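*Asks:* Sharing a structure, written as structure tokens. Questions coming.
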Amino acid sequence: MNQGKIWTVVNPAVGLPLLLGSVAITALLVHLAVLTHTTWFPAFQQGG
Amino acid sequence: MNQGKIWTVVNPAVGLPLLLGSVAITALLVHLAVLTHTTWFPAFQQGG
Amino acid sequence: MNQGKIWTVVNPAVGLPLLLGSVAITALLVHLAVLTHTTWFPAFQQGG
Amino acid sequence: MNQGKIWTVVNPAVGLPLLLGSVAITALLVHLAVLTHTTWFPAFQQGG
Amino acid sequence: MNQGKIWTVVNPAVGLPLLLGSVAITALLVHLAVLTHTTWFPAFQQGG
Amino acid sequence: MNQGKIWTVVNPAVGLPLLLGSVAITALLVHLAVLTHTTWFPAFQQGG
Amino acid sequence: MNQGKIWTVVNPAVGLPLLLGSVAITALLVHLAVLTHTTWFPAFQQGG
Amino acid sequence: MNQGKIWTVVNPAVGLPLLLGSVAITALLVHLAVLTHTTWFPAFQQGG
Amino acid sequence: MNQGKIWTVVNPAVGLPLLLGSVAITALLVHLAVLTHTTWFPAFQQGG
Amino acid sequence: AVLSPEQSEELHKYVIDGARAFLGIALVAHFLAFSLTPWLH
Amino acid sequence: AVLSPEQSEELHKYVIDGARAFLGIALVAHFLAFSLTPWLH
Amino acid sequence: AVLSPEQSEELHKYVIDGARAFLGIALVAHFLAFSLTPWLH
Amino acid sequence: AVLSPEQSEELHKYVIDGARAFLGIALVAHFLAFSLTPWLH
Amino acid sequence: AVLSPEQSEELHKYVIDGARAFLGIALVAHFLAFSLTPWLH
Amino acid sequence: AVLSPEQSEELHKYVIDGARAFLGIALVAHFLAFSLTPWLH
Amino acid sequence: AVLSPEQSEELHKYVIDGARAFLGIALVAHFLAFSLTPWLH
Amino acid sequence: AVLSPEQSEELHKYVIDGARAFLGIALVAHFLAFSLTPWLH
Amino acid sequence: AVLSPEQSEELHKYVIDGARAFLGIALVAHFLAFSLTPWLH
Ligand code: BCL
Ligand SMILES: CC(C)=CCC/C(C)=C/C=C/C(C)=C/C=C/C(C)=C/C=C/C=C(C)/C=C/C=C(C)/C=C/C=C(\C)CCCC(C)(C)O
Ligand SMILES: CC(C)=CCC/C(C)=C/C=C/C(C)=C/C=C/C(C)=C/C=C/C=C(C)/C=C/C=C(C)/C=C/C=C(\C)CCCC(C)(C)O
Ligand SMILES: CC(C)=CCC/C(C)=C/C=C/C(C)=C/C=C/C(C)=C/C=C/C=C(C)/C=C/C=C(C)/C=C/C=C(\C)CCCC(C)(C)O
Ligand SMILES: CC(C)=CCC/C(C)=C/C=C/C(C)=C/C=C/C(C)=C/C=C/C=C(C)/C=C/C=C(C)/C=C/C=C(\C)CCCC(C)(C)O
Ligand SMILES: CC(C)=CCC/C(C)=C/C=C/C(C)=C/C=C/C(C)=C/C=C/C=C(C)/C=C/C=C(C)/C=C/C=C(\C)CCCC(C)(C)O
Ligand SMILES: CC(C)=CCC/C(C)=C/C=C/C(C)=C/C=C/C(C)=C/C=C/C=C(C)/C=C/C=C(C)/C=C/C=C(\C)CCCC(C)(C)O
Ligand SMILES: CC(C)=CCC/C(C)=C/C=C/C(C)=C/C=C/C(C)=C/C=C/C=C(C)/C=C/C=C(C)/C=C/C=C(\C)CCCC(C)(C)O
Ligand SMILES: CC(C)=CCC/C(C)=C/C=C/C(C)=C/C=C/C(C)=C/C=C/C=C(C)/C=C/C=C(C)/C=C/C=C(\C)CCCC(C)(C)O
Ligand SMILES: CC(C)=CCC/C(C)=C/C=C/C(C)=C/C=C/C(C)=C/C=C/C=C(C)/C=C/C=C(C)/C=C/C=C(\C)CCCC(C)(C)O
Ligand SMILES: CCCCCCCCCCCCO[C@@H]1O[C@H](CO)[C@@H](O[C@H]2O[C@H](CO)[C@@H](O)[C@H](O)[C@H]2O)[C@H](O)[C@H]1O
Ligand SMILES: CCCCCCCCCCCC[N+](C)(C)[O-]
Ligand SMILES: CCCCCCCCCCCC[N+](C)(C)[O-]
Ligand SMILES: CCCCCCCCCCCC[N+](C)(C)[O-]
Ligand SMILES: CCCCCCCCCCCC[N+](C)(C)[O-]
Ligand SMILES: CCCCCCCCCCCC[N+](C)(C)[O-]
Ligand SMILES: CCCCCCCCCCCC[N+](C)(C)[O-]
Ligand SMILES: CCCCCCCCCCCC[N+](C)(C)[O-]
Ligand SMILES: CCCCCCCCCCCC[N+](C)(C)[O-]
Ligand SMILES: CCCCCCCCCCCC[N+](C)(C)[O-]
């Protein structure tokens, strides 16, 4: 919130897609990591 | 729905293909994740 | 069919190859997924 | 055969290499898939 | 802190996204490495 | 041999490296496929 | 230290990010190699 | 040796790095293939 | 040492980073190959 | 290219209507998955 | 390059007719898969 | 393109409000995960 | 570059004749595979 | 684009303050890891 | 760059002669493989 | 862009001082690894 | 950039001499491999 | 950019001296590997 001069140096047309894309990739990697290292998330996917 | 000024900063000719392509890749990754961590989706593919 | 203004924003020389290429990649991924998770598609490939 | 106006929208210098390259990649993927899921194609490669 | 002339040689619009992206990738790789080589981080993810 | 007008549409400075590179990659993939699915090619490499 | 004319031939805006990025990638690869081929680095990560 | 007109069509600044790089990659792939499919090359690396 | 006219054809700003980067990648691949196919290099990393 | 503020708001209505149409189809697919699958059962 | 609004609508009719032709062939392939395969059986 | 100092501060308010909205949704998702999952239990 | 409507139709005849030639060779290869392989047998 | 020597030093103060803020948060996270984890224990 | 129709036909003769030379070497290599290998034997 | 011969030598002093600083930190890390690890022991 | 026909032939002599030098070193390496290795033995 | 014939020969002396320096260090590393390792032993 004090970093607001960064768009004078970084092009927001490149940096804002890079930010949103990095956040989305990170969320997929965390979900995959939890799916591969727990029994309860595969068991929730399985049901029955 | 309040983010509608984003096309003043991001080129929609780059960002709209990136949005639709990211959604399509995410849907494939979720389908693959469910196929690899359940017995009922491979059993539905198998039949008999 | 109501989305026909999209070629005013997306270049069709980039977007139409991306559409056809994404559909072709998706069809290969679905065929591979069915081949790897059924016994009847490898058995059809095997014969005898 | 009714799609012949597509070269007014897609550059044939990009699209014709993409078509021929996609067909060649698909043929390699199908050959690899048959090699990995049958015993008769590895046995034909082996001989004796 | 004595390297502050580097933005006379490196474009900060390329180098500052590369710095932040490299730090974020490194943090994901360290988290993945700890998850794959300990029993206590998968056990914390599992609970119960 | 009847396709000789293709260099009026495809740039030969891109297409001729793509042709030669695709042929070389295909030859490596076929050699690797034969090495991984026969006992006689690894036995020829081994000797003794 | 006698190679200081190299920035008359190589652009330092490309080459200095390539140098720092190559050093950082090499350090990650060495750390990963030591983690995967020793018992004491995974045991230090594990504790207890 | 009769192909010497090819540098009228292919840019030698792209094609000569591509040739040398392809030869170097091929030599690494052949060395790796021999290392992975013989016992005598790993035994030469091991010694004792 | 008789190849010194090559910088009249290849741009040294592209080719000299490609040379140094290829040598560095090759050295990492050889070190990894020796680490994965001997017991004495992992035993030197392990100690004790 | 990047748009005028008014043109951006006009484009974003199609993006939001497209996302609402995708959401609705996904809500029907999740209900069909609840009804036909051992998920949540 | 990007098109006029009228040229965009003319192009999108070929995209929609191409997707309808693909859908029809896929509907025949799914029916043939239902008839010849242990899927849904 | 890169912005004026004033335009940069105006854009960064939308980036910070977007990150605060993401944080709030993630705080509800973590509380729901604490309540419904064997995590921390 | 992109073509005139008439030049596009002239180019697409070579693309369609190339695809028909590929289809014919593939139909002979599939018949040879039916005759020489345990596939469909 | 690349900066003046004075503009470069002004930018690098924000890069160094950002790295010091990251270092401080990482020092708290490592202390919390020492206290809550079997690491170094 | 893309060629004149006459220049294209002149270039394609070298591409076709190169492919015929590759085909001939491959026909000798396949015969040597038939003679020296358990393939087709 | 590429530099004058004098500007190149001025830049390379910072590259060499940066590599010497990295080398020194790595020499302390290798000594700490010799002292705290079963390596060379 | 692409060369004159005469400049192309002058460059290709260095490419062919480089490939002949590589071939000769590879012929010595294959003979050394025949002599020192269980290959062909 | 690409160089004059004289400038190319001046640059290639630094490339050849760099490769000779790399070769010498590699010859010492291979001798140290022969002396300290079970390789060739
Ligand atoms: C929250 C406060 C603001 C807001 C702030 C922001 C911000 C900030 C951003 C967006 C962005 C987006 N917003 Mg929004 N947005 C708002 C309201 C909306 C509405 C609406 C109410 O109709 C729509 C359709 C959208 C649509 C969009 C997308 C076009 C885009 C990407 C979102 C994403 O990936 O979400 C992923 C989804 C979620 C995080 C929500 C979680 C899942 C939902 C709630 C439920 C799914 C149910 C499922 C089908 C069934 C599961 C059943 C099980 C039993 C649980 N917004 C409100 C007014 N919006 C982003 C952007 O512009 O990208 C380019 C962006 O950065
Ligand atoms: C298990 C694991 C690992 C992970 C699990 C799961 C996981 C993480 C899931 C995450 C899922 C997420 C995040 C999903 C998000 C989905 C979203 C946001 C979907 C959005 C869809 C948007 C659409 C379809 C937009 C269409 C736009 C359109 C059609 C736009 C049209 C525009 C036009 C016509 C231009 C008009 C201009 C003129 C000036 C002419 O008027
Ligand atoms: C198991 C897992 C993991 C996953 C499982 C499954 C899974 C997720 C599946 C998902 C599947 C999905 C989403 C499928 C979607 C398929 C779609 C949308 C197909 C669309 C096809 C479109 C076509 C063919 C378009 C052709 C256009 C054409 C030919 C256009 C021609 C244009 C012309 C001639 C220009 C004229 C211009 C002038 C001005 C001259 O008139
Ligand atoms: C287990 C392992 C391996 C790892 C585990 C975990 C791990 C490492 C996790 C790490 C997680 C991290 C770091 C998460 C970080 C998350 C962050 C930072 C989220 C940020 C979200 C930001 C958003 C959503 C921004 C939206 C911006 C927006 C919408 C901007 C809109 C702008 C507009 C409209 C322009 C207006 C301009 C005009 C001039 C017209 O006013
Ligand atoms: C098991 C799994 C996973 C998957 C399994 C299987 C699976 C999914 C399979 C899918 C297969 C598919 C989709 C196959 C599709 C194959 C197709 C469409 C082949 C098309 C071939 C086209 C060709 C060869 C075109 C040649 C064009 C040519 C030569 C053009 C020449 C042009 C010229 C000379 C320019 C003249 C201009 C001037 C103005 C001078 O006249
Ligand atoms: C187990 C294994 C394999 C490996 C294990 C571990 C391993 C190797 C670890 C290695 C870790 C390493 C190396 C970590 C290094 C971390 C570092 C260096 C972090 C740096 C963070 C920097 C930041 C956050 C910078 C923010 C800058 C900022 C926000 C800049 C803002 C600028 C502005 C606003 C512009 C103002 C301009 C105007 C003219 C307008 O004033
Ligand atoms: C088991 C599995 C998975 C798969 C298994 C197998 C599988 C799928 C195999 C598929 C194999 C395929 C498809 C092979 C195809 C091979 C082909 C087509 C080879 C073609 C070679 C072409 C060459 C060598 C061309 C040389 C051109 C040349 C030298 C051109 C020179 C030009 C000049 C000098 C310019 C003069 C201009 C001036 C105006 C000055 O006269
Ligand atoms: C087990 C396996 C597989 C492999 C195992 C191991 C293996 C192979 C290891 C190999 C390791 C190698 C090779 C390591 C090499 C490490 C090196 C070379 C490190 C170099 C560090 C250099 C630095 C940090 C440079 C900083 C430069 C800087 C900061 C420059 C600053 C410049 C400025 C401020 C511009 C001023 C301009 C103005 C005109 C204004 O004055
Ligand atoms: C087991 C498996 C999977 C596979 C197994 C095996 C497998 C497939 C193997 C395949 C191997 C193949 C195909 C190998 C091919 C090797 C080749 C072709 C080597 C060629 C080397 C060429 C060289 C070194 C060229 C140097 C050129 C040079 C130095 C040029 C210098 C030019 C200059 C100085 C410019 C002067 C200009 C001025 C106007 C000033 O005079
Ligand atoms: C087990 C398996 C799979 C494989 C196993 C093994 C395998 C295949 C190995 C293969 C290994 C190979 C091939 C190794 C080759 C190594 C080579 C060639 C090393 C070359 C090093 C070159 C260097 C270091 C060059 C430095 C240049 C320099 C510093 C240049 C400086 C220039 C300047 C200052 C510009 C002055 C301009 C002005 C006009 C101002 O004077
Ligand atoms: C320009 C390209 C040139 C391409 C050249 C193509 C021809 C290559 C000829 C390679 C000859 C390999 O010859 C082949 O060697 C192997 C190993 O000795 C033999 O292998 C034999 O014993 C091994 C065990 O040791 C068994 O696994 C194998 O089933 C059996 O056939 C084959 O019976 C022989 O046919
Ligand atoms: C996590 C990866 C996300 C990739 C995002 C890539 C954004 C590229 C933006 C290019 C903008 C180009 N242009 C001409 C509009 O300035
Ligand atoms: C999920 C990945 C999707 C990739 C989408 C890539 C879109 C690139 C758009 C380039 C537009 C170029 N141009 C010249 C028309 O502005
Ligand atoms: C699924 C991946 C498909 C990739 C398709 C890539 C299309 C690139 C089109 C570039 C068009 C360039 N130009 C100059 C003609 O506008
Ligand atoms: C299956 C992948 C095939 C990749 C084909 C890539 C074709 C690129 C063509 C670039 C044409 C550039 N130019 C300047 C001649 O218009
Ligand atoms: C760790 C990988 C991070 C990738 C970061 C890539 C940044 C690219 C910036 C391009 C800037 C282009 N432009 C035209 C604004 O100068
Ligand atoms: C199988 C992959 C082979 C890749 C071949 C890539 C060729 C690129 C040619 C670029 C030509 C550029 N230019 C400016 C000389 O026209
Ligand atoms: C180890 C990989 C590191 C990748 C580093 C990439 C640096 C790219 C620099 C591009 C500079 C562009 N420009 C316009 C400022 O000159
Ligand atoms: C085996 C992969 C080798 C990759 C070689 C890539 C060479 C790229 C040459 C680009 C030349 C650019 N320029 C501006 C000097 O013409
Ligand atoms: C082993 C991979 C090494 C990659 C080296 C890439 C070098 C790219 C140099 C680009 C030079 C661009 N420019 C504008 C300064 O001429």
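Each chain in the structure tokens gets a letter, A, B, ..., in the order shown, and its residues are numbered from 1; ligands are numbered from 1 in order too.
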Check every protein, DNA and RNA residue against ligand 15, keep those with an atom at most 6 Å away (counting only C-alpha atoms and all ligand atoms), and present them as a list in words.
*Replies:*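 Using only C-alpha atoms and all ligand atoms, I find these residues within 6 Å of ligand 15: residues 13, 14, 17, 18, 21 and 22 of chain D; 11 of chain F.
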*Asks:* Output the coordinates of chain D after least-squares fitting to chain I on all in-order C-alpha pairs, as a PDB file with N, CA and C atoms, in the first residue's frame.
*Replies:*
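The resulting file, out14.pdb, is reproduced below:
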ATOM      1  N   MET D   1      40.612 -22.073 -33.734  1.00  0.00           N
ATOM      2  CA  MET D   1      41.594 -20.987 -33.875  1.00  0.00           C
ATOM      3  C   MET D   1      41.794 -20.490 -35.320  1.00  0.00           C
ATOM      4  N   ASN D   2      41.380 -21.266 -36.324  1.00  0.00           N
ATOM      5  CA  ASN D   2      41.260 -20.836 -37.725  1.00  0.00           C
ATOM      6  C   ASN D   2      39.822 -20.427 -38.138  1.00  0.00           C
ATOM      7  N   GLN D   3      38.871 -20.423 -37.199  1.00  0.00           N
ATOM      8  CA  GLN D   3      37.445 -20.117 -37.417  1.00  0.00           C
ATOM      9  C   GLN D   3      37.076 -18.644 -37.119  1.00  0.00           C
ATOM     10  N   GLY D   4      38.062 -17.757 -36.994  1.00  0.00           N
ATOM     11  CA  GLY D   4      37.915 -16.391 -36.480  1.00  0.00           C
ATOM     12  C   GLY D   4      37.089 -15.428 -37.335  1.00  0.00           C
ATOM     13  N   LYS D   5      36.763 -15.781 -38.584  1.00  0.00           N
ATOM     14  CA  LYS D   5      35.814 -15.042 -39.432  1.00  0.00           C
ATOM     15  C   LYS D   5      34.340 -15.299 -39.084  1.00  0.00           C
ATOM     16  N   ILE D   6      34.015 -16.200 -38.151  1.00  0.00           N
ATOM     17  CA  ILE D   6      32.623 -16.530 -37.808  1.00  0.00           C
ATOM     18  C   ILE D   6      31.821 -15.340 -37.252  1.00  0.00           C
ATOM     19  N   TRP D   7      32.468 -14.366 -36.612  1.00  0.00           N
ATOM     20  CA  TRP D   7      31.809 -13.150 -36.111  1.00  0.00           C
ATOM     21  C   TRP D   7      31.491 -12.103 -37.198  1.00  0.00           C
ATOM     22  N   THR D   8      31.857 -12.368 -38.459  1.00  0.00           N
ATOM     23  CA  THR D   8      31.337 -11.635 -39.629  1.00  0.00           C
ATOM     24  C   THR D   8      29.953 -12.141 -40.064  1.00  0.00           C
ATOM     25  N   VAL D   9      29.543 -13.332 -39.611  1.00  0.00           N
ATOM     26  CA  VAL D   9      28.298 -14.016 -40.004  1.00  0.00           C
ATOM     27  C   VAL D   9      27.338 -14.170 -38.825  1.00  0.00           C
ATOM     28  N   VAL D  10      27.847 -14.540 -37.652  1.00  0.00           N
ATOM     29  CA  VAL D  10      27.072 -14.707 -36.418  1.00  0.00           C
ATOM     30  C   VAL D  10      27.250 -13.462 -35.557  1.00  0.00           C
ATOM     31  N   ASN D  11      26.159 -12.920 -35.021  1.00  0.00           N
ATOM     32  CA  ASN D  11      26.213 -11.768 -34.126  1.00  0.00           C
ATOM     33  C   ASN D  11      26.855 -12.197 -32.792  1.00  0.00           C
ATOM     34  N   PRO D  12      27.988 -11.619 -32.359  1.00  0.00           N
ATOM     35  CA  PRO D  12      28.642 -12.053 -31.126  1.00  0.00           C
ATOM     36  C   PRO D  12      27.826 -11.745 -29.866  1.00  0.00           C
ATOM     37  N   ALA D  13      26.920 -10.768 -29.911  1.00  0.00           N
ATOM     38  CA  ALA D  13      25.993 -10.464 -28.821  1.00  0.00           C
ATOM     39  C   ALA D  13      24.952 -11.576 -28.570  1.00  0.00           C
ATOM     40  N   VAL D  14      24.667 -12.412 -29.569  1.00  0.00           N
ATOM     41  CA  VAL D  14      23.829 -13.613 -29.412  1.00  0.00           C
ATOM     42  C   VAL D  14      24.694 -14.856 -29.214  1.00  0.00           C
ATOM     43  N   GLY D  15      25.713 -15.032 -30.054  1.00  0.00           N
ATOM     44  CA  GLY D  15      26.527 -16.244 -30.095  1.00  0.00           C
ATOM     45  C   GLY D  15      27.454 -16.459 -28.898  1.00  0.00           C
ATOM     46  N   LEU D  16      27.998 -15.404 -28.286  1.00  0.00           N
ATOM     47  CA  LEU D  16      28.893 -15.541 -27.134  1.00  0.00           C
ATOM     48  C   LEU D  16      28.141 -15.908 -25.832  1.00  0.00           C
ATOM     49  N   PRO D  17      26.970 -15.316 -25.501  1.00  0.00           N
ATOM     50  CA  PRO D  17      26.072 -15.867 -24.484  1.00  0.00           C
ATOM     51  C   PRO D  17      25.597 -17.304 -24.751  1.00  0.00           C
ATOM     52  N   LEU D  18      25.281 -17.665 -26.001  1.00  0.00           N
ATOM     53  CA  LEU D  18      24.910 -19.042 -26.364  1.00  0.00           C
ATOM     54  C   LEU D  18      26.054 -20.035 -26.128  1.00  0.00           C
ATOM     55  N   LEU D  19      27.294 -19.677 -26.465  1.00  0.00           N
ATOM     56  CA  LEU D  19      28.481 -20.493 -26.209  1.00  0.00           C
ATOM     57  C   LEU D  19      28.690 -20.711 -24.706  1.00  0.00           C
ATOM     58  N   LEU D  20      28.765 -19.635 -23.922  1.00  0.00           N
ATOM     59  CA  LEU D  20      29.010 -19.729 -22.482  1.00  0.00           C
ATOM     60  C   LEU D  20      27.875 -20.453 -21.742  1.00  0.00           C
ATOM     61  N   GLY D  21      26.620 -20.182 -22.112  1.00  0.00           N
ATOM     62  CA  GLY D  21      25.453 -20.871 -21.574  1.00  0.00           C
ATOM     63  C   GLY D  21      25.409 -22.361 -21.929  1.00  0.00           C
ATOM     64  N   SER D  22      25.792 -22.743 -23.150  1.00  0.00           N
ATOM     65  CA  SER D  22      25.858 -24.152 -23.570  1.00  0.00           C
ATOM     66  C   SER D  22      26.932 -24.928 -22.814  1.00  0.00           C
ATOM     67  N   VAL D  23      28.102 -24.321 -22.597  1.00  0.00           N
ATOM     68  CA  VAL D  23      29.202 -24.906 -21.814  1.00  0.00           C
ATOM     69  C   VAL D  23      28.779 -25.118 -20.358  1.00  0.00           C
ATOM     70  N   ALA D  24      28.150 -24.122 -19.726  1.00  0.00           N
ATOM     71  CA  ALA D  24      27.631 -24.227 -18.361  1.00  0.00           C
ATOM     72  C   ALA D  24      26.526 -25.295 -18.206  1.00  0.00           C
ATOM     73  N   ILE D  25      25.575 -25.374 -19.143  1.00  0.00           N
ATOM     74  CA  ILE D  25      24.542 -26.426 -19.151  1.00  0.00           C
ATOM     75  C   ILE D  25      25.172 -27.810 -19.317  1.00  0.00           C
ATOM     76  N   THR D  26      26.156 -27.950 -20.208  1.00  0.00           N
ATOM     77  CA  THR D  26      26.853 -29.223 -20.426  1.00  0.00           C
ATOM     78  C   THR D  26      27.576 -29.689 -19.164  1.00  0.00           C
ATOM     79  N   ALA D  27      28.254 -28.792 -18.448  1.00  0.00           N
ATOM     80  CA  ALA D  27      28.940 -29.121 -17.204  1.00  0.00           C
ATOM     81  C   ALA D  27      27.984 -29.593 -16.095  1.00  0.00           C
ATOM     82  N   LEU D  28      26.805 -28.976 -15.978  1.00  0.00           N
ATOM     83  CA  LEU D  28      25.744 -29.423 -15.070  1.00  0.00           C
ATOM     84  C   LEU D  28      25.205 -30.804 -15.451  1.00  0.00           C
ATOM     85  N   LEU D  29      24.956 -31.058 -16.739  1.00  0.00           N
ATOM     86  CA  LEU D  29      24.483 -32.356 -17.221  1.00  0.00           C
ATOM     87  C   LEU D  29      25.507 -33.470 -16.976  1.00  0.00           C
ATOM     88  N   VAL D  30      26.801 -33.212 -17.189  1.00  0.00           N
ATOM     89  CA  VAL D  30      27.857 -34.190 -16.885  1.00  0.00           C
ATOM     90  C   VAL D  30      27.938 -34.454 -15.382  1.00  0.00           C
ATOM     91  N   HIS D  31      27.878 -33.419 -14.539  1.00  0.00           N
ATOM     92  CA  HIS D  31      27.893 -33.621 -13.093  1.00  0.00           C
ATOM     93  C   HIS D  31      26.681 -34.429 -12.636  1.00  0.00           C
ATOM     94  N   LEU D  32      25.502 -34.134 -13.192  1.00  0.00           N
ATOM     95  CA  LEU D  32      24.298 -34.874 -12.820  1.00  0.00           C
ATOM     96  C   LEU D  32      24.382 -36.337 -13.246  1.00  0.00           C
ATOM     97  N   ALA D  33      24.908 -36.595 -14.448  1.00  0.00           N
ATOM     98  CA  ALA D  33      25.094 -37.934 -14.989  1.00  0.00           C
ATOM     99  C   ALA D  33      26.043 -38.759 -14.116  1.00  0.00           C
ATOM    100  N   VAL D  34      27.149 -38.167 -13.651  1.00  0.00           N
ATOM    101  CA  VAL D  34      28.086 -38.854 -12.768  1.00  0.00           C
ATOM    102  C   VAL D  34      27.467 -39.077 -11.392  1.00  0.00           C
ATOM    103  N   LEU D  35      26.684 -38.117 -10.896  1.00  0.00           N
ATOM    104  CA  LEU D  35      26.013 -38.297  -9.614  1.00  0.00           C
ATOM    105  C   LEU D  35      24.983 -39.419  -9.660  1.00  0.00           C
ATOM    106  N   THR D  36      24.264 -39.558 -10.771  1.00  0.00           N
ATOM    107  CA  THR D  36      23.211 -40.557 -10.863  1.00  0.00           C
ATOM    108  C   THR D  36      23.710 -41.945 -11.249  1.00  0.00           C
ATOM    109  N   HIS D  37      24.949 -42.084 -11.724  1.00  0.00           N
ATOM    110  CA  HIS D  37      25.418 -43.399 -12.152  1.00  0.00           C
ATOM    111  C   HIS D  37      26.656 -43.895 -11.415  1.00  0.00           C
ATOM    112  N   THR D  38      27.021 -43.290 -10.289  1.00  0.00           N
ATOM    113  CA  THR D  38      28.078 -43.814  -9.440  1.00  0.00           C
ATOM    114  C   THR D  38      27.578 -43.882  -8.004  1.00  0.00           C
ATOM    115  N   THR D  39      28.224 -44.716  -7.182  1.00  0.00           N
ATOM    116  CA  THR D  39      27.987 -44.764  -5.727  1.00  0.00           C
ATOM    117  C   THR D  39      28.973 -43.880  -4.964  1.00  0.00           C
ATOM    118  N   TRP D  40      30.175 -43.635  -5.506  1.00  0.00           N
ATOM    119  CA  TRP D  40      31.215 -42.849  -4.841  1.00  0.00           C
ATOM    120  C   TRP D  40      30.937 -41.341  -4.795  1.00  0.00           C
ATOM    121  N   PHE D  41      30.283 -40.730  -5.792  1.00  0.00           N
ATOM    122  CA  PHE D  41      29.927 -39.305  -5.711  1.00  0.00           C
ATOM    123  C   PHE D  41      28.779 -39.056  -4.703  1.00  0.00           C
ATOM    124  N   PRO D  42      27.697 -39.859  -4.649  1.00  0.00           N
ATOM    125  CA  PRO D  42      26.734 -39.741  -3.543  1.00  0.00           C
ATOM    126  C   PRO D  42      27.337 -40.054  -2.185  1.00  0.00           C
ATOM    127  N   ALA D  43      28.291 -40.987  -2.092  1.00  0.00           N
ATOM    128  CA  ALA D  43      28.973 -41.304  -0.840  1.00  0.00           C
ATOM    129  C   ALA D  43      29.901 -40.176  -0.365  1.00  0.00           C
ATOM    130  N   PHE D  44      30.525 -39.448  -1.294  1.00  0.00           N
ATOM    131  CA  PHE D  44      31.289 -38.231  -0.997  1.00  0.00           C
ATOM    132  C   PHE D  44      30.368 -37.108  -0.522  1.00  0.00           C
ATOM    133  N   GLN D  45      29.180 -36.988  -1.118  1.00  0.00           N
ATOM    134  CA  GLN D  45      28.206 -36.012  -0.644  1.00  0.00           C
ATOM    135  C   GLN D  45      27.688 -36.362   0.746  1.00  0.00           C
ATOM    136  N   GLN D  46      27.481 -37.649   1.045  1.00  0.00           N
ATOM    137  CA  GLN D  46      26.989 -38.158   2.335  1.00  0.00           C
ATOM    138  C   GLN D  46      28.013 -38.039   3.478  1.00  0.00           C
ATOM    139  N   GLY D  47      29.254 -38.488   3.273  1.00  0.00           N
ATOM    140  CA  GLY D  47      30.287 -38.532   4.312  1.00  0.00           C
ATOM    141  C   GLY D  47      29.995 -39.537   5.437  1.00  0.00           C
ATOM    142  N   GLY D  48      30.576 -39.316   6.613  1.00  0.00           N
ATOM    143  CA  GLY D  48      30.371 -40.154   7.800  1.00  0.00           C
ATOM    144  C   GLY D  48      30.968 -41.555   7.667  1.00  0.00           C
TER     145      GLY D  48
END
*Asks:* Please run DSSP on the backbone and report, as a PyMOL selection string, all residues within chain P that come out as helix (DSSP H, G or I).
*Replies:* chain P and resi 5-36
*Asks:* Which residues sit within 6 Å of ligand 1, counting only C-alpha atoms and all ligand atoms, listed as an MDAnalysis selection string?
*Replies:* (chainID B and resid 1:3) or (chainID J and resid 15:16 19:20 26:27 30) or (chainID L and resid 18 21)
*Asks:* Report the distance between atom CA of residue 29 of chain P and atom 23 (C, counted along the ligand's line) of ligand 10 in Å, rounded to one decimal place.
*Replies:*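 Value for the atom CA of residue 29 of chain P-atom 23 (C, counted along the ligand's line) of ligand 10 distance: 27.6 Å.
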*Asks:* Distance atom CA of residue 17 of chain Q-atom 14 (C, counted along the ligand's line) of ligand 9, one decimal place?
*Replies:* 14.7 Å
*Asks:* How far is it from atom 32 (C, counted along the ligand's line) of ligand 10 to atom CA of residue 4 of chain P, in Å with one decimal?
*Replies:*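 Rounded to one decimal, the two atoms are 14.5 Å apart.
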*Asks:* Compare Q:32, Q:37, Q:6, Q:1 by their minimum atom-to-atom distance to ligand 7, counting only C-alpha atoms and all ligand atoms, and give me the closest one.
*Replies:*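 Going through Q:32, Q:37, Q:6, Q:1 one by one, the smallest distance to ligand 7 is for Q:6.
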